[PDB]
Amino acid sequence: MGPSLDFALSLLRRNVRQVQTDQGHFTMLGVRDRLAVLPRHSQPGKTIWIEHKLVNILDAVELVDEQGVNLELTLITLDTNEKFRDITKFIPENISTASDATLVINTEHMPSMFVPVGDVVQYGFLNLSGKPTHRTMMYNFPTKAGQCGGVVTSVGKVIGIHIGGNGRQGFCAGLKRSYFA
């Protein structure tokens, strides 16, 4: 088994969780320890359904710019026995484009789903909420509903979290290592 399949299947085994909130079904990324990341529009409450179990949320942080602009990412701290495999080494220090990325989706309705989104290129500012959102990237792939929170990966790197699309393109909130220090 080659290294991209193995890396992506490992992500699904250890870091990429099927979750539910009042807003619906999402893909969640566990980053390290009890820290995970979700798309801001999942709006997690005081608790969250993770795969088989209701899990208590100890803290939730909606990430913003040095200028107070929305990054569309919510950091959640979970009341869990589990400590996530630390994957912060695979997250670039700065927001990184990529060639031939795979979007990894994990939801009850779309389990263990692999979508080749192609090249991921710099996009910057986006209208989502609609509220201004910064540090977005874009892939020329018609991403569907239900894929929000899906993990943008290429060659051992985890570079984004899927936050929506326009029927023709998909957009991710860029990841950088410092969000998770």
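So that the term is clear: the rigid core is the largest set of C-alpha atoms that superpose within 1.5 Å between two forms. Each residue number is its position in the shown sequence, starting from 1.
Inset, instruction - On a core superposition, give the stretch, 123 to 131 or 48 to 56, with the larger average C-alpha separation from this form in 9 other deposited structures of this protein (RMS over structures and residues). - result: After superposing on the rigid core, the more displaced stretch in 9 other deposited structures of this protein is 123 to 131.
Legend entry - Per the entry, higher mean C-alpha B factor between 151 to 159 and 121 to 129: 121 to 129 has the higher mean C-alpha B-factor.
Inset, instruction - Could you settle it for me: does 135 to 143 or 25 to 33 have the higher average Cα B factor in the PDB entry? - result: Result: 135 to 143.
Inset, instruction - Tell me, please, which of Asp86, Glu82, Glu72, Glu108 has the highest C-alpha B factor according to the deposited entry? - result: Comparing C-alpha B-factors across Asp86, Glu82, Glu72, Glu108, the top value belongs to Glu82.
Inset, instruction - Determine which member of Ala101, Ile95, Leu78, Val104 has the highest CA B-factor, using the values in the deposited entry. - result: Highest CA B-factor of the listed options: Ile95.
Inset, instruction - For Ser10, return the chain-relative third of its C-alpha B-factor as stated in the PDB record: lowest, middle or highest. - result: It falls in the middle third of the chain.
Inset, instruction - Would you check the entry's CA temperature factor for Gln43 and let me know if it's in the chain's lowest, middle or highest third? - result: Middle third, going by the recorded CA B-factors of the chain.
Inset, instruction - Can you work out whether the C-alpha temperature factor of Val61 puts it in the lowest, middle or highest third of the chain? - result: Its C-alpha B-factor, which the entry lists for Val61, ranks in the highest third among residues of this chain.
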